[PDB]
Amino acid sequence: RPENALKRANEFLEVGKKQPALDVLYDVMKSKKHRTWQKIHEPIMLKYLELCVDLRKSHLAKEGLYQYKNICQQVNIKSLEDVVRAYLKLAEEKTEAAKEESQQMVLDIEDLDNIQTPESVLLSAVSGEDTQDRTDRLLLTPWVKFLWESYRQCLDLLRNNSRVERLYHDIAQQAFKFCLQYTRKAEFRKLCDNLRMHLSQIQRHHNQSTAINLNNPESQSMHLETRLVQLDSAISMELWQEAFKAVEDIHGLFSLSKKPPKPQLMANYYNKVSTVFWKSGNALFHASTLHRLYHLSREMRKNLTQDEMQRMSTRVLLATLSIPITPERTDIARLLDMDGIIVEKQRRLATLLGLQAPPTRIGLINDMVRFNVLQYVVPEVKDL
Amino acid sequence: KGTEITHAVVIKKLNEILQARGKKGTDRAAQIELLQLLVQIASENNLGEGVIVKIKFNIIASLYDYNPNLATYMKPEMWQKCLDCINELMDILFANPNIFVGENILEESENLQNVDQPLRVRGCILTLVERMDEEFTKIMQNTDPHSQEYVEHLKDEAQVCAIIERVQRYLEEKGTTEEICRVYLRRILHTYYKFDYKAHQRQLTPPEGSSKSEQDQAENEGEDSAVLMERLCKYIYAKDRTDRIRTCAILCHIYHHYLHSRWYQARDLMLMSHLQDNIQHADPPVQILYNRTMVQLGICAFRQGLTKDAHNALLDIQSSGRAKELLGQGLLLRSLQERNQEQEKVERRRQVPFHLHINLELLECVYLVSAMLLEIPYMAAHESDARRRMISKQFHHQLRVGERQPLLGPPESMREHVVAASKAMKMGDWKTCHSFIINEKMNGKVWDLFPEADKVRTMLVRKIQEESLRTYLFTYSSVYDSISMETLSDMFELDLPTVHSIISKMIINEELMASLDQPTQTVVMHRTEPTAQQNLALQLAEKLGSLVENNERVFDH
C-alpha cells in the first residue's frame with residue numbers, strides 16, 4: 001500500500017540509465033498490483049505512477065492496454081487528464097524530433113560538400129534522397145501512440161466525452177503537423193481506418209444516439225482533416241471515396257434526426273471547398289455542388305438571417321459566372337471502354353450529393369435565370 | 001608470457017593456435033591477442049618477417065572465424081581492422097618479393113614452398129582478401145537503404161577497389177592465369193553499376209586545357225584500364241569453359257557498352273551473343289544479371305529517344321508482376337503464391353544491395369511514356385475509321401485503371417501523372433503535354449539523375465511535337481478538305497524538312513489517298529464525313545460476321 005508511493009518516489013530520485021530499464025520491468029508488474037476499486041487514495045497513487053510511466057515511455061502498447069481497463073471504474077477526471085497527457089506524450093516528441101531536425105541541418109551547413117561530392121553524386125544517382133536516421137526513429141514512436149488513442153476511442157464507447165471534446169480536435173491539430181512534416185501516406189490510411197471505426201461505433205448503438213450529437217464532433221474532425229489534406233497535397237481518388245461514404249451516413253443521420261442548421265451551414269462551407277476542387281477535376285460535380293450550395297445557403301439565409309450584403313453579391317456573381325462552364329468529353333479510350341460506367345458513378349454520386357442526375361448546359365442556365373437570385377446580381381455582371 | 005626462446009616455439013604455437021581453432025568452444029579472441037604478440041616479439045629478418053607474414057595471413061582467417069561465433073556479418077570495427085591489416089600485409093608483401101619463400105636459395109630458416117606449394121600460398125592471399133570482399137557485400141546488403149551509415153560505408157568501396165589494384169599489381173603470371181576468372185568478376189563488381197559522370201569527365205573536358213602531366217596520365221589511364229582488360233578478357237575467355245561466368249560477364253559487358261560507350265555496341269553485342277538458352281541453365285544470379293542489363297538497355301534506348309526499341313527492351317519485365325521480388329522487395333502474401341519464409345531467407349540473402357538497385361517506378365514511367373507515344377496515334381488513327389490492327393492488352397489496359405476514375409483531377413502520384421499526360425495527349429496541346437511531363441519530373445526529383453537530362457527532354461519534346469501533329473491530322477482529316485503546311489510548321493514549332501518528313505511518312509505507310517504538294521506546300525484530301533465512318537464501322541462488323549461464318553465451317557470440318 002504506501003510502499004507503492006515510496007518505490008515511485010525512490011525510482012524517480014535514483015535514476016541513471018540502467019535503473020529506468022529495471023523500472024520498465026517493475027511498472028509492467030505494478031500494473032495489476034492490488035485488486036481494489038478507485039476512490040480517494042488509488043487515483044492519487046496511480047496518477048503519480050502514470051506520470052513516471054509517461055516519462056519512462058516504457059513499452060507503448062502495454063501501458064495503454066492497462067489504462068484501457070483502469071479508466072473504466074468511473075474515473076471521469078482521470079480519463080480527461082490522460083487525454084491532456086496524450087497531447088504532451090506526442091508534442092515533446094515532435095519538439096525532440098525538431099531538436100534533431102534542426103541540429104543535423106546545422107552540421108550539414110558547417111561541413112564541406114567538396115570533400116563529400118563523389119558520395120553526394122552517387123546518393124543522388126541511386127536516389128537514396130536527403131535522408132537521416134534520427135528524425136525517422138523519433139517520428140515512428142508518437143505515431144504508435146497516435147493510433148493507440150484513436151483505437152481507444154472505439155473501445156471507450158458509451159459517454160466518451162473527454163475524447164469527443166478534446167481528442168478529435170487535438171488529433172486533427174496534431175495530424176496537420178504530421179502531414180506537413182512527412183507522414184501523408186500514414187494519414188491517408190488513418191483517415192480510412194478512423195472512418196471504419198466511426199461507422200462501426202454508429203452501428204453499435206451502445207447507449208449512444210444522435211440526440212446527444214455524438215456523430216457531429218467525429219464528422220467535424222473527419223471533414224476538417226480530409227479537407228486540409230485534400231488542399232495541401234494528396235492522391236485524388238481515395239480521399240473522395242472515403243469522403244462520399246461519410247457524406248451518405250451524415251445525409252441519412254441529418255434526415256432521420258431532422259435537418260440541423262449549424263452543421264448544414266458547415267456542410268455549405270465544406271461544399272465551397274468542394275466546388276473549387278471539382279472545377280479542377282469534374283465540371284458536372286461542380287455544377288451539382290454549386291447549385292446545391294446556392295440552394296442550401298439560400299435556405300440558411302431564410303432560416304437564420306444573414307445581412308452580409310457585399311459578400312452575398314460577390315458569391316452570387318461567382319455562382320452565375322462559374323456555373324454553366326462544362327466542356328465536352330475528349331477521353332477516346334474511355335468512350336471505347338464504355339463511358340456509361342463513368343456515367344453510372346456520376347449519376348449515383350450526384351444522387352448521393354442530393355440533386356439527382358448531373359444538370360445539362362442549357363437547362364442549367366435556364367433555371368438559374370428563373371431563380372430570384374438573378375435580381376440580386378451585381379450590375380456589371382448582370383449587363384455582362 | 002610468450003616463451004622467451006627462438007624460432008621453433010613460435011612455429012609450435014602457430015600449430016597450437018591452428019589445432020585449438022578447430023576445437024569448438026576455444027578462446028578465439030585470446031588467439032588473436034597471442035597472434036598479435038607473436039608479431040610483436042619477432043625480430044629476425046627473413047624468418048621473423050616471414051613468420052609475421054605467415055601469422056598475418058592467419059589473423060585475417062581468425063577474424064573471419066571469430067565473427068560467426070556471435071554475429072552478424074562481420075562487425076564494422078573488425079572489418080576496418082581487417083582493412084588496415086590487409087593493407088599492411090600488402091605493404092609487407094610489396095617490400096618482400098619472395099623472401100621467406102625459400103625457392104632453394106636459403107632454407108635455414110625459410111620456406112613457403114614446403115607445407116607447401118609456393119604458388120598455392122601466393123594464390124591464398126587473394127582468397128584472404130576475398131573474405132573482406134564477402135563481408136563488405138554482406139554489410140551493404142543488410143544496412144538500411146536510407147541510413148547515414150549506408151552513405152558512410154559507401155566510402156569504403158574505393159578502399160576495397162584500391163586493394164584489388166594492389167593485388168592485380170602483385171601477380172605473377174602463374175597466379176594470373178588461374179585467378180583471372182575471379183579477378184575478371186572482381187573487376188566487373190567494381191564496374192557493373194558505374195554512372196555517366198566519370199565517362200563524361202574523361203571524354204568531354206577540353207584537351208588543350210586538360211591534363212598534360214605525369215601523375216594524371218597514370219590515373220586517367222588507370223580508370224580506362226578496366227575497359228582495356230575487358231577487351232582482352234573476352235579473348236582470354238575463349239580458352240575457358242566456365243560458361244556461368246561467360247554468360248554473366250557478357251551481360252555486364254552489354255551494360256558497360258550501353259552506359260559508358262555507345263548504343264550501337266550494346267545492340268551489336270546482344271544480337272551477336274544470343275544468351276536465351278544460357279540463362280535457363282545458368283542459375284538465378286545470372287538471371288538477375290540478365291534483368292539488370294535488360295533494364296539498362298531500355299533506359300539507354302530511351303536516352304537515345306527510340307520509343308519502340310525502349311518499349312520492346314522492357315517488354316519481358318513489364319509483362320511480369322514479379323519485378324518487386326527481383327530486387328528482394330517481395331512480401332510473403334501479395335497475390336497468393338509467395339511461400340515459404342524459410343526459402344525466402346536464402347533469397348533475401350542473395351538479392352540485393354541498395355547501391356546496386358534500379359528504380360522500378362522510373363522503369364514503369366519509361367515503359368508507359370514509350371508505349372503512350374506509340375499507341376495514342378495508333379488508337380486515334382484506328383477509331384477515326386482505319387480500324388484494322390487492335391492489340392488486346394497493350395497500353396489501353398494500363399491506361400484503363402486511371403481512365404475510368406470520375407474523381408481523378410490533380411495528380412500527386414506517378415501513375416496519376418501518366419493519366420494526366422494521356423488526358424493532355426488526347427486533347428493534343430503539345431506545350432501542355434511538355435509541361436506536365438517536364439515540370440513534375442523536376443518537382444519529383446526524376447530529371448536530375450542523368451547528365452543527358454536535356455538531351456532526353458529535347459528528344460521527348462520532338463516526339464510530342466511529331467505525334468501531336470499526327471493526332472491533329474488524324475482527328476481533323478474528318479473535316480479537312482485541304483491543309484497549308486506553313487501553318488503546320490509554325491503551330492507545331494517545327495522546321496519544313498521535319499514537317500514534310502512527318503506528313504509524307506503518314507500518307508506513305510498508312511497508305512492514305514491524300515495528294516501532297518511539297519513545292520506549293522499544300523495538302524489536298526477531302527476524306528470527310530459522319531456517315532462514311534458509320535459505314536466503315538458497319539462494314540468491319542459485317543466482315544467479322546463472314547470471318548466467324550467461315551470459322552464455324554473450319555471448326556465443323
# chains A, B, ... in the order shown; residues from 1 in each chain; ligands from 1
>>> residues_around(residues="residue 421 (chain B)", least_positions_apart="2", cutoff="8 Å", atoms="only C-alpha atoms", output="list in words")
residues 417, 418, 419, 423, 424, 425, 433, 436 and 437 of chain B
>>> write_last_selection(atoms="N, CA, C and O atoms", output="compact mmCIF listing (two decimals), in the first residue's frame")
# COMPACT_ATOMS: atom_id res chain seq x y z
N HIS B 417 0.21 11.09 -62.90
CA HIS B 417 0.88 11.89 -63.92
C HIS B 417 0.73 11.34 -65.34
O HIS B 417 0.49 12.09 -66.29
N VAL B 418 0.87 10.01 -65.52
CA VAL B 418 0.72 9.34 -66.81
C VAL B 418 -0.70 9.48 -67.35
O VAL B 418 -0.93 9.78 -68.52
N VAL B 419 -1.72 9.32 -66.48
CA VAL B 419 -3.11 9.57 -66.81
C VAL B 419 -3.37 11.03 -67.19
O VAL B 419 -4.04 11.33 -68.18
N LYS B 423 -4.54 12.38 -70.79
CA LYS B 423 -5.59 13.38 -70.94
C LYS B 423 -5.16 14.59 -71.77
O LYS B 423 -5.87 15.02 -72.67
N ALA B 424 -3.94 15.13 -71.53
CA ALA B 424 -3.37 16.17 -72.37
C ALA B 424 -3.11 15.73 -73.82
O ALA B 424 -3.45 16.44 -74.76
N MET B 425 -2.54 14.53 -74.04
CA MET B 425 -2.26 13.98 -75.36
C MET B 425 -3.50 13.68 -76.19
O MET B 425 -3.54 13.91 -77.39
N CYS B 433 1.28 19.15 -72.90
CA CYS B 433 1.90 17.83 -72.75
C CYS B 433 3.34 17.87 -72.28
O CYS B 433 3.75 17.11 -71.41
N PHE B 436 3.37 19.09 -68.30
CA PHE B 436 3.04 18.02 -67.37
C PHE B 436 4.16 16.99 -67.20
O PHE B 436 4.44 16.52 -66.10
N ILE B 437 4.82 16.59 -68.30
CA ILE B 437 5.92 15.64 -68.22
C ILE B 437 7.20 16.24 -67.64
O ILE B 437 7.84 15.65 -66.77
>>> closest_atom_pairs(of="chain B", to="chain A", cutoff="6 Å", atoms="only C-alpha atoms", output="JSON lines")
{"residue": "B:146", "atom": "CA", "partner": "A:128", "partner_atom": "CA", "distance": 5.8}
{"residue": "B:147", "atom": "CA", "partner": "A:133", "partner_atom": "CA", "distance": 5.6}
{"residue": "B:148", "atom": "CA", "partner": "A:132", "partner_atom": "CA", "distance": 5.9}
{"residue": "B:407", "atom": "CA", "partner": "A:237", "partner_atom": "CA", "distance": 5.5}
{"residue": "B:408", "atom": "CA", "partner": "A:236", "partner_atom": "CA", "distance": 5.3}
{"residue": "B:409", "atom": "CA", "partner": "A:281", "partner_atom": "CA", "distance": 3.7}
{"residue": "B:412", "atom": "CA", "partner": "A:235", "partner_atom": "CA", "distance": 5.0}
{"residue": "B:449", "atom": "CA", "partner": "A:125", "partner_atom": "CA", "distance": 5.2}
>>> write_last_selection(atoms="N, CA, C and O atoms", output="PDB file, in the first residue's frame")
ATOM      1  N   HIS B 146      18.147   4.006 -46.342  1.00  0.00           N
ATOM      2  CA  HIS B 146      18.105   5.446 -46.150  1.00  0.00           C
ATOM      3  C   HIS B 146      18.875   5.873 -44.919  1.00  0.00           C
ATOM      4  O   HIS B 146      18.698   6.981 -44.422  1.00  0.00           O
ATOM      5  N   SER B 147      19.744   5.001 -44.371  1.00  0.00           N
ATOM      6  CA  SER B 147      20.540   5.379 -43.214  1.00  0.00           C
ATOM      7  C   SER B 147      21.801   6.138 -43.579  1.00  0.00           C
ATOM      8  O   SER B 147      22.389   5.995 -44.653  1.00  0.00           O
ATOM      9  N   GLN B 148      22.284   6.979 -42.653  1.00  0.00           N
ATOM     10  CA  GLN B 148      23.529   7.710 -42.804  1.00  0.00           C
ATOM     11  C   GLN B 148      24.740   6.773 -42.799  1.00  0.00           C
ATOM     12  O   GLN B 148      25.738   7.013 -43.477  1.00  0.00           O
ATOM     13  N   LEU B 407     -13.314  10.735 -60.277  1.00  0.00           N
ATOM     14  CA  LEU B 407     -12.870  11.593 -59.196  1.00  0.00           C
ATOM     15  C   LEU B 407     -11.449  12.110 -59.428  1.00  0.00           C
ATOM     16  O   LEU B 407     -10.926  12.896 -58.643  1.00  0.00           O
ATOM     17  N   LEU B 408     -10.775  11.693 -60.525  1.00  0.00           N
ATOM     18  CA  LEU B 408      -9.364  11.985 -60.747  1.00  0.00           C
ATOM     19  C   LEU B 408      -9.127  13.303 -61.473  1.00  0.00           C
ATOM     20  O   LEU B 408      -9.266  13.409 -62.699  1.00  0.00           O
ATOM     21  N   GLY B 409      -8.730  14.339 -60.700  1.00  0.00           N
ATOM     22  CA  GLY B 409      -8.405  15.674 -61.186  1.00  0.00           C
ATOM     23  C   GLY B 409      -6.926  15.980 -61.087  1.00  0.00           C
ATOM     24  O   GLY B 409      -6.190  15.608 -62.003  1.00  0.00           O
ATOM     25  N   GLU B 412      -1.015  13.510 -57.520  1.00  0.00           N
ATOM     26  CA  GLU B 412       0.141  13.516 -56.631  1.00  0.00           C
ATOM     27  C   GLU B 412       1.065  12.357 -57.003  1.00  0.00           C
ATOM     28  O   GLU B 412       2.292  12.434 -56.922  1.00  0.00           O
ATOM     29  N   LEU B 449      18.776  12.818 -62.370  1.00  0.00           N
ATOM     30  CA  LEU B 449      19.514  11.567 -62.318  1.00  0.00           C
ATOM     31  C   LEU B 449      20.575  11.355 -63.401  1.00  0.00           C
ATOM     32  O   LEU B 449      21.582  10.685 -63.178  1.00  0.00           O
TER      33      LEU B 449
END
>>> closest_residue(among="A:287, A:365, A:373, A:256", to="residue 314 (chain A)", atoms="only C-alpha atoms")
A:373
>>> residues_around(residues="residue 222 (chain A)", least_positions_apart="5", cutoff="9 Å", atoms="only C-alpha atoms", output="PyMOL selection string")
chain A and resi 168+172+191+194-195+217+227+243+246
>>> write_last_selection(atoms="C-alpha atoms", output="CSV table (one decimal), in the first residue's frame")
chain,number,residue,atom,x,y,z
A,168,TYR,CA,-10.6,14.7,-32.0
A,172,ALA,CA,-6.7,16.9,-36.2
A,191,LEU,CA,-8.5,8.6,-42.1
A,194,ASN,CA,-10.9,6.0,-38.5
A,195,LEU,CA,-13.9,6.1,-40.8
A,217,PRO,CA,-17.6,16.2,-33.5
A,227,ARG,CA,-10.4,19.0,-46.3
A,243,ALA,CA,-15.5,11.2,-48.1
A,246,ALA,CA,-19.1,9.6,-44.9
>>> closest_residue(among="B:226, B:191, B:333, B:140", to="residue 350 (chain B)", atoms="only C-alpha atoms")
B:140
>>> atom_distance(atom1="CA of residue 369 (chain B)", atom2="CA of residue 399 (chain B)")
11.1 Å
>>> closest_residue(among="B:180, B:286, B:125, B:469", to="residue 489 (chain B)", atoms="only C-alpha atoms")
B:469
>>> residues_around(residues="region 53-62 of chain B", least_positions_apart="3", cutoff="7 Å", atoms="only C-alpha atoms", output="number ranges by chain")
B: 32, 35, 49-50, 65-66, 82, 89, 128
>>> residues_around(residues="residue 7 (chain A)", least_positions_apart="5", cutoff="12 Å", atoms="only C-alpha atoms", output="number ranges by chain")
A: 1-2, 12-14, 23, 26-27, 30, 45, 48-49, 52
>>> closest_residue(among="A:255, A:312, A:261, A:74", to="residue 39 (chain A)", atoms="only C-alpha atoms")
A:74
>>> closest_residue(among="A:22, A:28, A:115, A:158", to="residue 72 (chain A)", atoms="only C-alpha atoms")
A:158
>>> atom_distance(atom1="CA of residue 291 (chain B)", atom2="CA of residue 320 (chain B)")
11.7 Å
>>> select_by_dssp(residues="region 198-259 of chain A", states="helix (DSSP H, G or I)", output="JSON, numbers by chain")
{"A": [198, 199, 200, 201, 202, 210, 211, 212, 215, 216, 217, 218, 219, 220, 221, 222, 223, 224, 225, 226, 227, 228, 229, 230, 231, 232, 236, 237, 238, 239, 240, 241, 242, 243, 244, 245, 246, 247, 248, 249, 250, 251, 252, 253, 254, 255, 256, 257]}
>>> residues_around(residues="residue 284 (chain B)", least_positions_apart="5", cutoff="10 Å", atoms="only C-alpha atoms", output="list in words")
residues 279, 289, 290, 326, 347, 350 and 351 of chain B
>>> residues_around(residues="region 37-42 of chain B", least_positions_apart="3", cutoff="10 Å", atoms="only C-alpha atoms", output="PyMOL selection string")
chain B and resi 1-4+6-7+10-11+13-14+31-34+45+47-56
>>> decode(residues="region 213-244 of chain A", atoms="N, CA and C atoms", output="CSV table (one decimal), in the first residue's frame")
chain,number,residue,atom,x,y,z
A,213,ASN,N,-25.8,14.4,-30.1
A,213,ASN,CA,-24.9,14.9,-31.2
A,213,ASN,C,-23.5,14.3,-31.1
A,214,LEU,N,-23.4,13.0,-30.8
A,214,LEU,CA,-22.1,12.3,-30.7
A,214,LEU,C,-21.4,12.2,-32.1
A,215,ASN,N,-22.1,12.0,-33.1
A,215,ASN,CA,-21.6,11.9,-34.5
A,215,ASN,C,-20.9,13.2,-35.0
A,216,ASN,N,-21.5,14.3,-34.6
A,216,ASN,CA,-21.1,15.7,-35.1
A,216,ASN,C,-19.7,16.1,-34.8
A,217,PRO,N,-19.0,16.0,-33.6
A,217,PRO,CA,-17.6,16.2,-33.5
A,217,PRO,C,-16.7,15.3,-34.2
A,218,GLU,N,-17.1,14.0,-34.3
A,218,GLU,CA,-16.3,13.0,-35.1
A,218,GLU,C,-16.4,13.3,-36.6
A,219,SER,N,-17.5,13.6,-37.1
A,219,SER,CA,-17.7,14.0,-38.5
A,219,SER,C,-17.0,15.3,-38.8
A,220,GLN,N,-17.1,16.3,-37.9
A,220,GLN,CA,-16.4,17.6,-38.0
A,220,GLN,C,-14.9,17.5,-38.0
A,221,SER,N,-14.3,16.6,-37.2
A,221,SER,CA,-12.9,16.3,-37.3
A,221,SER,C,-12.5,15.6,-38.6
A,222,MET,N,-13.3,14.6,-39.0
A,222,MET,CA,-13.0,13.9,-40.3
A,222,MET,C,-13.2,14.8,-41.5
A,223,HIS,N,-14.2,15.7,-41.6
A,223,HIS,CA,-14.3,16.7,-42.6
A,223,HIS,C,-13.1,17.7,-42.6
A,224,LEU,N,-12.7,18.2,-41.4
A,224,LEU,CA,-11.6,19.1,-41.3
A,224,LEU,C,-10.2,18.5,-41.7
A,225,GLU,N,-9.9,17.3,-41.3
A,225,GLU,CA,-8.7,16.5,-41.6
A,225,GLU,C,-8.7,16.2,-43.1
A,226,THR,N,-9.8,15.6,-43.7
A,226,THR,CA,-9.9,15.3,-45.1
A,226,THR,C,-9.8,16.6,-46.0
A,227,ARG,N,-10.5,17.7,-45.6
A,227,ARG,CA,-10.4,19.0,-46.3
A,227,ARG,C,-9.0,19.6,-46.3
A,228,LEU,N,-8.3,19.6,-45.2
A,228,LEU,CA,-6.9,20.1,-45.2
A,228,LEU,C,-5.9,19.3,-46.0
A,229,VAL,N,-6.0,17.9,-45.9
A,229,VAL,CA,-5.1,17.0,-46.7
A,229,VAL,C,-5.4,17.1,-48.2
A,230,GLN,N,-6.7,17.2,-48.6
A,230,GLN,CA,-7.1,17.5,-49.9
A,230,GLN,C,-6.6,18.8,-50.6
A,231,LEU,N,-6.6,19.9,-49.8
A,231,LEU,CA,-6.0,21.1,-50.3
A,231,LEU,C,-4.5,21.1,-50.4
A,232,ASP,N,-3.7,20.6,-49.4
A,232,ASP,CA,-2.3,20.7,-49.3
A,232,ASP,C,-1.5,19.8,-50.3
A,233,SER,N,-1.9,18.5,-50.4
A,233,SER,CA,-1.5,17.5,-51.4
A,233,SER,C,-2.0,16.1,-51.0
A,234,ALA,N,-2.6,15.4,-51.9
A,234,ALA,CA,-2.8,14.0,-51.8
A,234,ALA,C,-3.2,13.5,-53.1
A,235,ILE,N,-3.2,12.2,-53.3
A,235,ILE,CA,-3.8,11.5,-54.4
A,235,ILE,C,-5.3,11.7,-54.5
A,236,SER,N,-5.8,11.9,-55.8
A,236,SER,CA,-7.2,12.4,-55.9
A,236,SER,C,-8.3,11.4,-55.5
A,237,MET,N,-8.2,10.2,-55.9
A,237,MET,CA,-9.3,9.2,-55.8
A,237,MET,C,-9.8,8.8,-54.4
A,238,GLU,N,-8.8,8.4,-53.6
A,238,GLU,CA,-9.1,7.8,-52.3
A,238,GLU,C,-9.8,8.7,-51.2
A,239,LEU,N,-9.3,10.0,-51.2
A,239,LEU,CA,-10.0,11.0,-50.3
A,239,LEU,C,-11.4,11.2,-50.6
A,240,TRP,N,-11.8,11.3,-51.9
A,240,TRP,CA,-13.2,11.3,-52.4
A,240,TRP,C,-13.9,10.0,-52.1
A,241,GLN,N,-13.3,8.8,-52.3
A,241,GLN,CA,-14.0,7.6,-52.0
A,241,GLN,C,-14.5,7.4,-50.5
A,242,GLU,N,-13.6,7.7,-49.6
A,242,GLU,CA,-13.9,7.7,-48.2
A,242,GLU,C,-14.9,8.9,-47.8
A,243,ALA,N,-14.7,10.1,-48.3
A,243,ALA,CA,-15.5,11.2,-48.1
A,243,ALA,C,-16.9,11.1,-48.5
A,244,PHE,N,-17.2,10.5,-49.7
A,244,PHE,CA,-18.5,10.2,-50.2
A,244,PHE,C,-19.3,9.2,-49.3
